[PDB]
Amino acid sequence: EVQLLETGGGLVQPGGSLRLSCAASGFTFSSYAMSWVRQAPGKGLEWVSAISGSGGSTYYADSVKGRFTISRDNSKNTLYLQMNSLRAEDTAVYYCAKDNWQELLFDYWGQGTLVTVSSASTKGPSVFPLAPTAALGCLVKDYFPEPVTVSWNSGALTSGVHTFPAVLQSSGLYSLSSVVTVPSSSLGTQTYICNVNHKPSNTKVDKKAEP
Amino acid sequence: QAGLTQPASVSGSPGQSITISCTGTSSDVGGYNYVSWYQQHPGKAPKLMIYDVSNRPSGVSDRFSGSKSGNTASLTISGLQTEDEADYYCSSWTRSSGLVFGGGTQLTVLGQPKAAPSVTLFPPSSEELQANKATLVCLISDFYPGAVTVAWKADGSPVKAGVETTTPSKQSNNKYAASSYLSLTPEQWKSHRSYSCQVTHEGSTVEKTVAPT
Amino acid sequence: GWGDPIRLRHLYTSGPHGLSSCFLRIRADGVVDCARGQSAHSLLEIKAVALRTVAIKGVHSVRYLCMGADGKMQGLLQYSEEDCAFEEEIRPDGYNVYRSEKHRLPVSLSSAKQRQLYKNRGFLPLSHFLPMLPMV
């Protein structure tokens, strides 16, 4: 029906610049105002900026005035947000929202494009074993970016394996843990191993978890 | 210069009715009749459910109704259904500050009994400490509903330095899990008698300790 | 101008004392009548002219909604504040009334016979409106 296709999202360093585009289709784009609404991961919605429909009037929030620029071109049915002087606080999924008219009431939304503002470079994880019905696991510490794969004993052991989501620490690197709870008699018999995989850094490690 | 105030969490069982409040000021909710409500399911775009305080766009179920009193707007969902579980954001027009949002309300449709969390705390590895690093790994699993608070204390003394905790996330069995990491220097791990990780879930606190051994 | 919102709505009334459901339609010839459904000429543009005062213009007829003597509704291409500006008052039950201060009458889709039958009742039929969004 009506479609809004946002493009241009990705990783940029603090101070950098990036321009987002929204492909509008299915309505008379020139007749309606538009807006950008952003959402930091796991946080709330924040309206960023608004455009008049013809281009004559623009509206900005306090957190982006002077750094972001809303613009349109009605020939090609495309909305722009030029983000300059990017900070870490601008890390968010950026939604393209169509105004019902010029009332900041949003008829339709795009699926959003994610903008990550981080200074962390690609780094492989340091994998440490977690020593101990008993629980032992593997710590997958300080890697970037996501994701990492974890399998125990070449995937032969699936019983009671929980690989938790990754925590993003203040350093900008991810950490992760994966645990297997095992019978408290098989601690002196059989090896329990994790295999961590981080393709962005081309890393494949084995580590042995024992008392 | 502030956003609207919504309760962080609202929950009811199927068939029950709930209300989500949205407190503003005389310049927004109490100054105009342009309060909107949006529903956002995980990983999807917001959906307009209520506009102009009390009006519903076509297709929105009549179990959703909006109203306003003074500076407080309210969204009411009667006959809670499972799919109503989502985030709900109120929004208001302002004269000079654009569209201001509320902080959002997580609506839980209770389809599970209250489950206390299982907690396993791990001490720093031998390999990591030989690498001049120390990390305590507190992992919380199998709790319902999905909200916890973690407090790290060293021998009773509260510590917030070098603490990072993940937001609770649903496992495969609909229960939720979370993780807690305490990054310390080697010698401050070896300087205290014990380190302990406390997690409070629905007023009940679960605790686990470890020792340098 | 972002000082006040520009609303795009269909206005819909079923009462009070109403027979059918009506969408306020402004035809190109200026006549304001009942539409049984949402149409191009029932699509209205609503902007503020004072704090609580409103001007209503059909987008496809580009005629403003103006009130005449005894409360007759007509569409005029030239706006006049005393005839085409109305105080928008939202009732506790959720319906919107648009009072004219000059004519001391609400906007309604009542006939001329209904407007005379009710001229001393304190209310006109088909004057309680629900603002509906347009379906693209």
# chains A, B, ... in the order shown; residues from 1 in each chain; ligands from 1
>>> closest_atom_pairs(of="chain B", to="chain A", cutoff="7 Å", atoms="only C-alpha atoms", output="tab-separated table")
residue	atom	partner	partner_atom	distance
B:44	CA	A:111	CA	6.6
B:45	CA	A:111	CA	5.7
B:97	CA	A:61	CA	6.6
B:98	CA	A:61	CA	6.7
B:99	CA	A:47	CA	6.1
B:100	CA	A:47	CA	6.9
B:101	CA	A:46	CA	6.4
B:103	CA	A:44	CA	5.6
B:104	CA	A:44	CA	6.0
B:122	CA	A:130	CA	6.5
B:125	CA	A:130	CA	6.2
B:127	CA	A:128	CA	6.6
B:128	CA	A:128	CA	6.6
B:164	CA	A:169	CA	6.2
B:165	CA	A:167	CA	6.8
B:166	CA	A:167	CA	5.4
>>> write_last_selection(atoms="N, CA and C atoms", output="mmCIF file, in the first residue's frame")
data_model
loop_
_atom_site.group_PDB
_atom_site.id
_atom_site.type_symbol
_atom_site.label_atom_id
_atom_site.label_comp_id
_atom_site.auth_asym_id
_atom_site.auth_seq_id
_atom_site.Cartn_x
_atom_site.Cartn_y
_atom_site.Cartn_z
ATOM 1 N N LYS B 44 9.117 -3.797 15.722
ATOM 2 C CA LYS B 44 8.260 -3.252 14.681
ATOM 3 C C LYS B 44 8.053 -1.762 14.918
ATOM 4 N N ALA B 45 7.485 -1.103 13.914
ATOM 5 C CA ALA B 45 7.241 0.327 13.986
ATOM 6 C C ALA B 45 6.025 0.626 14.863
ATOM 7 N N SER B 97 7.821 23.086 21.272
ATOM 8 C CA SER B 97 8.735 21.975 21.515
ATOM 9 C C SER B 97 8.441 20.765 20.637
ATOM 10 N N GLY B 98 7.601 20.917 19.612
ATOM 11 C CA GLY B 98 7.298 19.807 18.731
ATOM 12 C C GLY B 98 6.448 18.746 19.410
ATOM 13 N N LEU B 99 6.620 17.510 18.956
ATOM 14 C CA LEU B 99 5.903 16.369 19.507
ATOM 15 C C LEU B 99 6.710 15.769 20.654
ATOM 16 N N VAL B 100 6.165 15.833 21.865
ATOM 17 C CA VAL B 100 6.809 15.263 23.041
ATOM 18 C C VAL B 100 6.144 13.933 23.368
ATOM 19 N N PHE B 101 6.961 12.944 23.716
ATOM 20 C CA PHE B 101 6.505 11.594 24.000
ATOM 21 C C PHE B 101 6.549 11.323 25.496
ATOM 22 N N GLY B 103 7.545 8.314 28.375
ATOM 23 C CA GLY B 103 8.625 7.347 28.474
ATOM 24 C C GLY B 103 8.272 5.953 28.001
ATOM 25 N N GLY B 104 6.994 5.653 27.845
ATOM 26 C CA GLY B 104 6.573 4.340 27.406
ATOM 27 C C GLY B 104 6.161 3.452 28.564
ATOM 28 N N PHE B 122 29.549 -16.689 39.258
ATOM 29 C CA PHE B 122 30.834 -17.289 38.941
ATOM 30 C C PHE B 122 31.984 -16.399 39.395
ATOM 31 N N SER B 125 38.032 -16.288 36.504
ATOM 32 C CA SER B 125 38.784 -17.451 36.063
ATOM 33 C C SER B 125 40.227 -17.372 36.553
ATOM 34 N N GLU B 127 42.591 -18.116 34.277
ATOM 35 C CA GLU B 127 43.209 -17.549 33.086
ATOM 36 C C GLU B 127 43.058 -16.030 33.032
ATOM 37 N N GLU B 128 41.911 -15.498 33.469
ATOM 38 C CA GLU B 128 41.695 -14.054 33.374
ATOM 39 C C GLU B 128 42.542 -13.301 34.391
ATOM 40 N N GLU B 164 27.866 -3.686 34.957
ATOM 41 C CA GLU B 164 27.019 -3.634 33.775
ATOM 42 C C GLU B 164 26.066 -4.817 33.819
ATOM 43 N N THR B 165 24.772 -4.535 33.699
ATOM 44 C CA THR B 165 23.729 -5.551 33.720
ATOM 45 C C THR B 165 22.893 -5.448 32.454
ATOM 46 N N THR B 166 22.526 -6.596 31.895
ATOM 47 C CA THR B 166 21.720 -6.622 30.686
ATOM 48 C C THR B 166 20.240 -6.519 31.035
#
>>> closest_atom_pairs(of="chain C", to="chain A", cutoff="12 Å", atoms="only C-alpha atoms", output="CSV")
residue,atom,partner,partner_atom,distance
C:1,CA,A:57,CA,6.7
C:2,CA,A:59,CA,7.5
C:3,CA,A:103,CA,10.0
C:4,CA,A:103,CA,7.6
C:5,CA,A:103,CA,4.1
C:6,CA,A:102,CA,4.8
C:7,CA,A:103,CA,5.8
C:8,CA,A:101,CA,5.7
C:9,CA,A:100,CA,9.0
C:43,CA,A:101,CA,11.8
C:44,CA,A:101,CA,10.9
C:45,CA,A:101,CA,8.7
C:46,CA,A:101,CA,9.9
C:47,CA,A:103,CA,9.7
C:48,CA,A:103,CA,11.6
C:59,CA,A:31,CA,11.2
C:132,CA,A:100,CA,11.4
C:133,CA,A:100,CA,8.1
C:134,CA,A:100,CA,8.6
C:135,CA,A:107,CA,9.6
C:136,CA,A:27,CA,7.7
>>> write_last_selection(atoms="N, CA, C and O atoms", output="PDB file, in the first residue's frame")
ATOM      1  N   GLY C   1       3.531  27.130   9.067  1.00  0.00           N
ATOM      2  CA  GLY C   1       3.451  27.542  10.456  1.00  0.00           C
ATOM      3  C   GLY C   1       3.183  26.395  11.412  1.00  0.00           C
ATOM      4  O   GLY C   1       2.136  25.749  11.343  1.00  0.00           O
ATOM      5  N   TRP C   2       4.134  26.143  12.313  1.00  0.00           N
ATOM      6  CA  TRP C   2       4.027  25.070  13.292  1.00  0.00           C
ATOM      7  C   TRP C   2       3.534  25.562  14.650  1.00  0.00           C
ATOM      8  O   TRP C   2       3.760  24.893  15.664  1.00  0.00           O
ATOM      9  N   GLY C   3       2.867  26.717  14.691  1.00  0.00           N
ATOM     10  CA  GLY C   3       2.329  27.200  15.952  1.00  0.00           C
ATOM     11  C   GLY C   3       1.127  26.400  16.416  1.00  0.00           C
ATOM     12  O   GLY C   3       0.933  26.191  17.617  1.00  0.00           O
ATOM     13  N   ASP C   4       0.307  25.944  15.475  1.00  0.00           N
ATOM     14  CA  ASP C   4      -0.856  25.113  15.745  1.00  0.00           C
ATOM     15  C   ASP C   4      -0.918  24.011  14.699  1.00  0.00           C
ATOM     16  O   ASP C   4      -0.399  24.176  13.589  1.00  0.00           O
ATOM     17  N   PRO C   5      -1.532  22.875  15.026  1.00  0.00           N
ATOM     18  CA  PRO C   5      -1.599  21.776  14.055  1.00  0.00           C
ATOM     19  C   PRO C   5      -2.632  22.033  12.965  1.00  0.00           C
ATOM     20  O   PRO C   5      -3.714  22.568  13.221  1.00  0.00           O
ATOM     21  N   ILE C   6      -2.275  21.659  11.737  1.00  0.00           N
ATOM     22  CA  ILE C   6      -3.212  21.593  10.617  1.00  0.00           C
ATOM     23  C   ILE C   6      -3.793  20.190  10.595  1.00  0.00           C
ATOM     24  O   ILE C   6      -3.091  19.229  10.274  1.00  0.00           O
ATOM     25  N   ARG C   7      -5.083  20.071  10.839  1.00  0.00           N
ATOM     26  CA  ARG C   7      -5.716  18.766  10.850  1.00  0.00           C
ATOM     27  C   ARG C   7      -6.451  18.502   9.543  1.00  0.00           C
ATOM     28  O   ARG C   7      -7.070  19.402   8.969  1.00  0.00           O
ATOM     29  N   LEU C   8      -6.366  17.259   9.078  1.00  0.00           N
ATOM     30  CA  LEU C   8      -7.139  16.769   7.944  1.00  0.00           C
ATOM     31  C   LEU C   8      -8.094  15.699   8.455  1.00  0.00           C
ATOM     32  O   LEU C   8      -7.652  14.660   8.958  1.00  0.00           O
ATOM     33  N   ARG C   9      -9.396  15.956   8.338  1.00  0.00           N
ATOM     34  CA  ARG C   9     -10.401  15.096   8.946  1.00  0.00           C
ATOM     35  C   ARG C   9     -11.617  14.971   8.041  1.00  0.00           C
ATOM     36  O   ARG C   9     -11.870  15.811   7.175  1.00  0.00           O
ATOM     37  N   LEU C  43     -13.783  15.593   2.798  1.00  0.00           N
ATOM     38  CA  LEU C  43     -12.473  15.712   3.426  1.00  0.00           C
ATOM     39  C   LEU C  43     -12.215  17.172   3.778  1.00  0.00           C
ATOM     40  O   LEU C  43     -12.162  18.031   2.891  1.00  0.00           O
ATOM     41  N   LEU C  44     -12.046  17.452   5.067  1.00  0.00           N
ATOM     42  CA  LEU C  44     -11.971  18.815   5.569  1.00  0.00           C
ATOM     43  C   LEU C  44     -10.580  19.127   6.105  1.00  0.00           C
ATOM     44  O   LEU C  44      -9.890  18.258   6.644  1.00  0.00           O
ATOM     45  N   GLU C  45     -10.179  20.385   5.949  1.00  0.00           N
ATOM     46  CA  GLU C  45      -8.949  20.910   6.525  1.00  0.00           C
ATOM     47  C   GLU C  45      -9.314  21.846   7.666  1.00  0.00           C
ATOM     48  O   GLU C  45     -10.152  22.739   7.498  1.00  0.00           O
ATOM     49  N   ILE C  46      -8.691  21.640   8.821  1.00  0.00           N
ATOM     50  CA  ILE C  46      -9.051  22.335  10.051  1.00  0.00           C
ATOM     51  C   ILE C  46      -7.810  23.032  10.592  1.00  0.00           C
ATOM     52  O   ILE C  46      -6.830  22.369  10.954  1.00  0.00           O
ATOM     53  N   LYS C  47      -7.854  24.363  10.652  1.00  0.00           N
ATOM     54  CA  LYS C  47      -6.789  25.151  11.254  1.00  0.00           C
ATOM     55  C   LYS C  47      -7.375  26.163  12.225  1.00  0.00           C
ATOM     56  O   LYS C  47      -8.503  26.633  12.055  1.00  0.00           O
ATOM     57  N   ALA C  48      -6.591  26.495  13.247  1.00  0.00           N
ATOM     58  CA  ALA C  48      -7.002  27.478  14.236  1.00  0.00           C
ATOM     59  C   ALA C  48      -6.889  28.889  13.676  1.00  0.00           C
ATOM     60  O   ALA C  48      -5.956  29.210  12.933  1.00  0.00           O
ATOM     61  N   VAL C  59     -11.118  20.442   1.171  1.00  0.00           N
ATOM     62  CA  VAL C  59      -9.863  20.526   0.428  1.00  0.00           C
ATOM     63  C   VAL C  59     -10.109  20.459  -1.076  1.00  0.00           C
ATOM     64  O   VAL C  59      -9.425  21.131  -1.857  1.00  0.00           O
ATOM     65  N   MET C 132     -12.958  11.911  12.022  1.00  0.00           N
ATOM     66  CA  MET C 132     -12.412  10.658  11.524  1.00  0.00           C
ATOM     67  C   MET C 132     -11.207  10.921  10.632  1.00  0.00           C
ATOM     68  O   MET C 132     -11.173  11.910   9.891  1.00  0.00           O
ATOM     69  N   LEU C 133     -10.218  10.032  10.710  1.00  0.00           N
ATOM     70  CA  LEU C 133      -9.082  10.108   9.808  1.00  0.00           C
ATOM     71  C   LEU C 133      -9.472   9.594   8.425  1.00  0.00           C
ATOM     72  O   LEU C 133     -10.334   8.720   8.299  1.00  0.00           O
ATOM     73  N   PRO C 134      -8.860  10.127   7.370  1.00  0.00           N
ATOM     74  CA  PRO C 134      -9.110   9.588   6.029  1.00  0.00           C
ATOM     75  C   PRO C 134      -8.372   8.277   5.811  1.00  0.00           C
ATOM     76  O   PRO C 134      -7.248   8.085   6.280  1.00  0.00           O
ATOM     77  N   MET C 135      -9.024   7.366   5.091  1.00  0.00           N
ATOM     78  CA  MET C 135      -8.412   6.113   4.663  1.00  0.00           C
ATOM     79  C   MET C 135      -7.887   6.310   3.246  1.00  0.00           C
ATOM     80  O   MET C 135      -8.669   6.512   2.311  1.00  0.00           O
ATOM     81  N   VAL C 136      -6.567   6.258   3.095  1.00  0.00           N
ATOM     82  CA  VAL C 136      -5.926   6.458   1.801  1.00  0.00           C
ATOM     83  C   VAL C 136      -6.417   5.432   0.784  1.00  0.00           C
ATOM     84  O   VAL C 136      -6.029   4.265   0.828  1.00  0.00           O
TER      85      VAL C 136
END
>>> closest_atom_pairs(of="chain B", to="chain C", cutoff="9 Å", atoms="only C-alpha atoms", output="JSON lines")
{"residue": "B:33", "atom": "CA", "partner": "C:90", "partner_atom": "CA", "distance": 8.3}
{"residue": "B:34", "atom": "CA", "partner": "C:5", "partner_atom": "CA", "distance": 8.9}
{"residue": "B:52", "atom": "CA", "partner": "C:131", "partner_atom": "CA", "distance": 8.8}
{"residue": "B:53", "atom": "CA", "partner": "C:94", "partner_atom": "CA", "distance": 8.6}
{"residue": "B:54", "atom": "CA", "partner": "C:94", "partner_atom": "CA", "distance": 6.4}
{"residue": "B:55", "atom": "CA", "partner": "C:131", "partner_atom": "CA", "distance": 7.5}
{"residue": "B:56", "atom": "CA", "partner": "C:132", "partner_atom": "CA", "distance": 7.9}
{"residue": "B:57", "atom": "CA", "partner": "C:133", "partner_atom": "CA", "distance": 6.1}
{"residue": "B:58", "atom": "CA", "partner": "C:133", "partner_atom": "CA", "distance": 7.6}
{"residue": "B:67", "atom": "CA", "partner": "C:94", "partner_atom": "CA", "distance": 8.4}
{"residue": "B:93", "atom": "CA", "partner": "C:5", "partner_atom": "CA", "distance": 8.0}
{"residue": "B:94", "atom": "CA", "partner": "C:4", "partner_atom": "CA", "distance": 8.4}
{"residue": "B:95", "atom": "CA", "partner": "C:3", "partner_atom": "CA", "distance": 5.5}
{"residue": "B:96", "atom": "CA", "partner": "C:3", "partner_atom": "CA", "distance": 7.0}
{"residue": "B:98", "atom": "CA", "partner": "C:2", "partner_atom": "CA", "distance": 8.2}
>>> select_by_dssp(residues="range 95-191 of chain B", states="helix (DSSP H, G or I)", output="ChimeraX atom specification")
/B:126-130,186-189
>>> write_last_selection(atoms="N, CA, C and O atoms", output="PDB file, in the first residue's frame")
ATOM      1  N   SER B 126      40.906 -18.513  36.482  1.00  0.00           N
ATOM      2  CA  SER B 126      42.352 -18.515  36.670  1.00  0.00           C
ATOM      3  C   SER B 126      43.050 -17.833  35.499  1.00  0.00           C
ATOM      4  O   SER B 126      43.985 -17.048  35.690  1.00  0.00           O
ATOM      5  N   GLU B 127      42.591 -18.116  34.277  1.00  0.00           N
ATOM      6  CA  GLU B 127      43.209 -17.549  33.086  1.00  0.00           C
ATOM      7  C   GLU B 127      43.058 -16.030  33.032  1.00  0.00           C
ATOM      8  O   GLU B 127      43.979 -15.329  32.598  1.00  0.00           O
ATOM      9  N   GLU B 128      41.911 -15.498  33.469  1.00  0.00           N
ATOM     10  CA  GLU B 128      41.695 -14.054  33.374  1.00  0.00           C
ATOM     11  C   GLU B 128      42.542 -13.301  34.391  1.00  0.00           C
ATOM     12  O   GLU B 128      43.064 -12.215  34.101  1.00  0.00           O
ATOM     13  N   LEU B 129      42.674 -13.865  35.594  1.00  0.00           N
ATOM     14  CA  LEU B 129      43.435 -13.220  36.657  1.00  0.00           C
ATOM     15  C   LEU B 129      44.928 -13.247  36.363  1.00  0.00           C
ATOM     16  O   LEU B 129      45.647 -12.284  36.647  1.00  0.00           O
ATOM     17  N   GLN B 130      45.397 -14.329  35.772  1.00  0.00           N
ATOM     18  CA  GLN B 130      46.735 -14.357  35.203  1.00  0.00           C
ATOM     19  C   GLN B 130      46.910 -13.326  34.098  1.00  0.00           C
ATOM     20  O   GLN B 130      48.038 -12.902  33.828  1.00  0.00           O
ATOM     21  N   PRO B 186      42.339  -7.346  39.669  1.00  0.00           N
ATOM     22  CA  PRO B 186      42.769  -8.519  40.456  1.00  0.00           C
ATOM     23  C   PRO B 186      42.759  -8.326  41.959  1.00  0.00           C
ATOM     24  O   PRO B 186      42.058  -9.048  42.675  1.00  0.00           O
ATOM     25  N   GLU B 187      43.528  -7.347  42.448  1.00  0.00           N
ATOM     26  CA  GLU B 187      43.855  -7.220  43.863  1.00  0.00           C
ATOM     27  C   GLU B 187      42.682  -6.738  44.704  1.00  0.00           C
ATOM     28  O   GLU B 187      42.674  -6.962  45.919  1.00  0.00           O
ATOM     29  N   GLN B 188      41.698  -6.078  44.098  1.00  0.00           N
ATOM     30  CA  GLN B 188      40.491  -5.763  44.843  1.00  0.00           C
ATOM     31  C   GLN B 188      39.525  -6.937  44.876  1.00  0.00           C
ATOM     32  O   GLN B 188      38.604  -6.936  45.698  1.00  0.00           O
ATOM     33  N   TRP B 189      39.722  -7.935  44.011  1.00  0.00           N
ATOM     34  CA  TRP B 189      39.028  -9.206  44.176  1.00  0.00           C
ATOM     35  C   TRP B 189      39.625 -10.001  45.330  1.00  0.00           C
ATOM     36  O   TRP B 189      38.896 -10.638  46.100  1.00  0.00           O
TER      37      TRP B 189
END
>>> closest_residue(among="A:54, A:153, A:171, A:113", to="residue 8 in chain A", atoms="only C-alpha atoms")
A:113
>>> residues_around(residues="residue 27 in chain C", least_positions_apart="5", cutoff="12 Å", atoms="only C-alpha atoms", output="PyMOL selection string")
chain C and resi 32-35+39-44+57-65+73-77
>>> atom_distance(atom1="CA of residue 74 in chain B", atom2="CA of residue 23 in chain B")
8.5 Å
